[PDB]
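Before any questions on binding or motion, here is one chain by itself as structure tokens, the form deposited in one PDB entry.
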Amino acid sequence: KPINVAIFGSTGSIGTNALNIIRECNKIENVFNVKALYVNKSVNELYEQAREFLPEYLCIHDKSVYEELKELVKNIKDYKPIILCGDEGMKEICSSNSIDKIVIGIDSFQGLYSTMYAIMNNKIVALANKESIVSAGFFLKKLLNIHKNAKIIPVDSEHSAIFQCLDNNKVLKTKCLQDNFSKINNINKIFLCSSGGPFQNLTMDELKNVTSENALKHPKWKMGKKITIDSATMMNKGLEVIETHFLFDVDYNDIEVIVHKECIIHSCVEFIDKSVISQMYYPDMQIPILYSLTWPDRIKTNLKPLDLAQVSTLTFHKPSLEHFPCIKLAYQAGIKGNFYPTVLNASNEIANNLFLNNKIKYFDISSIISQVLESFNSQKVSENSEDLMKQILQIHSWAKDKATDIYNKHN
């Protein structure tokens, strides 16, 4: 009586992690059917996944590699998947009755489109992509109010942690990204743990001159380049503060970022009695992904057991906002509300990418973002769902262009 699951962004960090925990779990007993795989342009890698997982559906977003994908799949014998392309392909998969849960491991604002269609089709959405939440929080809430059986289950590790700390008895009275969620769950405050990233011990002088190469060495697993840069600036944690606010209905004043370099405590929830519950494991994404797919239950795994004596020491310190100004900008944008989160996310997409490509320096990232936020003026929020999406899209693109403009004017 197994779980039918689609992986969106199957060839990326989250996607290959998700396929990995799926494969391992299926050895212990067959609980997952991989029904669909969706990627952007990694046609050869998708082919290879197809040969292993033989899903009912395959989709590739980039129209130019569509034929090529079809040609490659011909070489798998006794396998006749539905091979699809683009937004249309994505919508057809979201609307399949043979699909219960969708892992969203697509990066950036782009992730919002599949997230939205997943909800609209009343699916369980195992959402790793945080940019969607940060950019479109209010919209997603409204969609979730309309689509009663849709649910977002957080995969982002801290958010998974937070969610796992909750009493499902309370959780089942509501769902994530809903008014009153913190009241129903007796949540008072959140400790949002951070690795601190590679620059955590640098002086201001050293930070001035760090390069994307320095940033790209992230210890444990290979993540996408975008989150890796965000981890280096701690804008990733800035985004995750906003994500926390939206997922769990916690005020910004009740979200504390704490640098926990050992990455064993993944985050913590203080309840209204001041008791604190935390989730712990080695730094890893297999449990967040797995839990999203088994919630409200847990299944057996053969993961390496946490050994506290082996860990020995766990440390906690506040991040320096002077060293990590991206954190402050995120708090400011979150507290300001309106579409300030959209602008924050958009301007960061551009700043992140410029720094990645060695066009700007570290403190230029924050300086560009800060200037875009300063130039933005609050807009009335559309009451209508389709208009609100168009509004989100226009502000997102304006904010990207504005970021690019600031860059181009200082070049």
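Each residue number is its position in the shown sequence, starting from 1. Each form is matched to the other, and the largest set of C-alpha atoms that superpose within 1.5 Å is called the rigid core.
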Coordinates for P325 lacking in at least a third of the other PDB entries compared? no
Unmodelled in at least a third of other entries of this protein, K91: no
Which has higher Cα B-factors on average according to the PDB entry: 52-60 or 355-363? 52-60
As stated in the PDB record, which stretch has the larger average Cα B-factor, 190-198 or 140-148? 140-148
Which of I395, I14, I22, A403 ranks first by CA B-factor in the deposited coordinates: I22
Using only modelled residues of the chain, where does the Cα B factor of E322 rank: lowest third, middle third or highest third? middle
Give the position of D100 by CA B-factor within its chain, expressed as the lowest, middle or highest third. highest
Classify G86 as lowest, middle or highest third according to the C-alpha B-factor given in the PDB entry, relative to its own chain. highest
Determine, from the deposited record, the chain-internal third of the Cα B-factor for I162: lowest, middle or highest. lowest
By its CA B factor, does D307 count among the lowest, middle or highest third of the modelled residues in the chain? lowest
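Omitted from view is the form deposited in another entry, to which the following refers.
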Mover between the shown form and the other one (rigid core aligned, C-alpha >= 2 Å shift), picked from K220, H317, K304, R298, is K220
Are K237 and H218 closer or farther apart at the Cα level in the other entry than shown, by 3 Å or more? farther
Can you tell whether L247 sits closer to or farther from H218 in the other entry than it does here, judged by CA atoms, where the change is 3 Å or more? farther
